[PDB]
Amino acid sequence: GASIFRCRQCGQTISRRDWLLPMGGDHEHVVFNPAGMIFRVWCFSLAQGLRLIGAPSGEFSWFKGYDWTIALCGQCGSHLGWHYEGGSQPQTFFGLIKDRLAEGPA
């Protein structure tokens, strides 16, 4: 059974369970933004359906050695998470907010 992560707002296909990545040994990280809100961040090696906004930034990065850019759903513009770059093994990956996705069957 393929298990698809869809944009919770609009239903667009974004990623799948098979594309989870154990970043630092763990494909689901618990992180705090600077306002103190807690996110569960799924780590994916690949994703579809995403528009990236801005130049990379390293500030506040939750993943050492990686800079982020904001990832929006291309269809509806929901803020789904971030793309990470500038690392090694892998160079890049996606960190997507669990509450902003919905996991279900194909």
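Heads up: residue numbers just count along the shown sequence, starting at 1. Rigid core here is just the name for the largest C-alpha set that superposes within 1.5 Å across the two forms.
Across the superposed structures in 9 other deposited structures of this protein, aligned by the core, the stretch whose Cα atoms lie more distant on average is 34-42, chosen from 34-42 and 57-65. Note on 96-104 and 2-10: with rigid core alignment, C-alpha atoms in 9 other deposited structures of this protein sit farther from this form for 2-10. Mean CA temperature factor is higher for 86-94 when stretches 86-94 and 19-27 are set side by side in the entry. The stretch with the higher mean CA B factor, choosing between 60-68 and 37-45, is 60-68.
In the deposited entry, the Cα temperature factor of residue 81 places it in the lowest third of its chain's modelled residues.
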